[PDB]
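In the block that follows, a single chain appears as structure tokens, in the form solved without glutathione.
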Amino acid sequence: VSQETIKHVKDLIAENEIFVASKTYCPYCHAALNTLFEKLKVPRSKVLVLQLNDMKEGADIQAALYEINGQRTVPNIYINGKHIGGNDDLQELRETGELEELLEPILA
């Protein structure tokens, strides 16, 4: 994947408090998004959700994410530029108290 596509994905991560790369048919994507929006009440305005299967650039974005953080699958979640990972990683951060701390400045 090109360095310019990698830069673009880094720009999206920098431009959005929460960034999620998703696909519309993916159950773990739905779990993660529902956790953010429904359970944790994160406003939609704080989050960029890319449904890669609905984007011509989706495969390139996924390839860029692999180059950036080594992760292969969606969902792929960032919060304030920190790579969180997938749904299991999000749920772990709930249990450690780290997610509440990461979200506090976003929600305040």
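The numbering used is simple: start at 1 and walk along the sequence shown.
Form deposited with glutathione bound: not shown, discussed below.
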Please pick, from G81, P43, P27, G70, the one residue with any non-hydrogen atom lying within 4.5 angstroms of glutathione in the entry with it bound.
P27
May I ask you to check whether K10 falls inside a 4.5 Å heavy atom distance of glutathione in the entry with it bound?
no
Residue contact check: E15 to glutathione in the entry with it bound, 4.5 Å heavy atom
no
Report whether the minimum heavy atom distance between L36 and glutathione in the entry with it bound is within 4.5 Å.
no
Is there a non-hydrogen atom of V74 within 4.5 angstroms of a non-hydrogen atom of glutathione in the entry with it bound?
yes
Contacts from 78-107 to glutathione in the entry with it bound (any heavy atom within 4.5 Å), listed N to C, are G86, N87, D88
